[PDB]
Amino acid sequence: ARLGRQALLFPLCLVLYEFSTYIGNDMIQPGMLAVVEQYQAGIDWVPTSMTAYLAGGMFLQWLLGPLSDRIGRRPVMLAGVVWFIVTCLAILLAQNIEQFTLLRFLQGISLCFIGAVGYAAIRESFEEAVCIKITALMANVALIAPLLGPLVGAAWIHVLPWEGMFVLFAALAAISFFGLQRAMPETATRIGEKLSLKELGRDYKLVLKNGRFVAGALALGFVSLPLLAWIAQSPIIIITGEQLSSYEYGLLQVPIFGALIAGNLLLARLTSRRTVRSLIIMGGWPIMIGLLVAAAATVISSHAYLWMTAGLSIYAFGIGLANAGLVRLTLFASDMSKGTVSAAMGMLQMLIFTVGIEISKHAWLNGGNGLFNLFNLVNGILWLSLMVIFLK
């Protein structure tokens, strides 16, 4: 029974779970100033919270798709949601910033269930028509989270304890659990079949031998790093570094993630008249200019954070315009199984984000805003360099 009238509870709950894991990062980052204060830990642990969450994402990423294909998408997906609930609640017991961070890593493992199993089940459960719309809703949730998250998170710790946020993530995921339990059908085709790890390994060695695919996958990591570095470090840059208020922290998010959204909106209006190569080249202009603006300004004066914010906004507009197209070309740069190709590009991005956020951290700690933005600029140049190869 492809799709249905009453079968929309399944994708809706999947979306709710997706949202909960996304704010599980985006609400937490501004809350990390309170966390670090509670544990009497240094501010260098603030970005690391995100680093750890992301690192957990790439842990089972290569695994879940083929495994869920064998044991069923239903038990694996439900397992992931429960694991998220449990680890969200468990972090309330952490006792130090090291154990807090460990639990961030453990929580982050829940991230890869979305794409590798839930989404695979969506594609198998639904007519392309309905599937396309569900994908859009999911993409829209991913767009709303980094805008809504820091605002709601900043508003939260002003009143309520950081522990409450984790109870909220768990509560939302619990709702999605019971919905998925009653709704989500079993779409796995390979149930009962044997799973060869050595053969899985060979599939990954093969995707990684494709140079054009690797360039696009790496490019996607590099180009999105400045944005994630901002998400990771904006609380310490703004509140600790510029000694600004929480209200200003929230306000600075508006042009940046508003621009991201606006770039996506322009993308939607232009898609029928452009194609992908031209849209990547088009987004390339604000991507490079915005990063150049943030870097130049903060090298001139370390404290010009409005110019930094402006440059990041311009860059974010380009990202909204360029990224989705590069995702598409990268996926089809390899003719191997889409599950494998997807997981591979997911892991390569997370590798870059994890290491890149930590490097960004040391950049800012040592050099301030100038270094933060200069590192972001090199990342833009890496993307650009890969694009001249990828597009030729």
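Numbering starts at 1 and follows the sequence shown.
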{"item": "227-235 or 67-75, whichever carries the higher mean Cα B-factor", "value": "67-75"}
{"item": "Mean temperature factor over C-alpha atoms, higher-scoring stretch between 337-345 and 46-54", "value": "337-345"}
{"item": "Top residue by Cα temperature factor, when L33, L365, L331, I352 are compared in the entry", "value": "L331"}
{"item": "Most elevated Cα B-factor in the entry, residues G211, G320, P255, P286", "value": "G211"}
{"item": "Modelled-residue ranking by C-alpha temperature factor, third containing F84", "value": "middle"}
{"item": "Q107 by Cα B-factor - lowest, middle or highest third of the modelled chain", "value": "lowest"}
{"item": "Cα B factor band for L266 (lowest, middle or highest third within the chain)", "value": "middle"}
{"item": "Chain third (lowest, middle, highest) by recorded CA B-factor, residue given as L60", "value": "highest"}
{"item": "Chain-relative CA temperature factor third for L16", "value": "middle"}
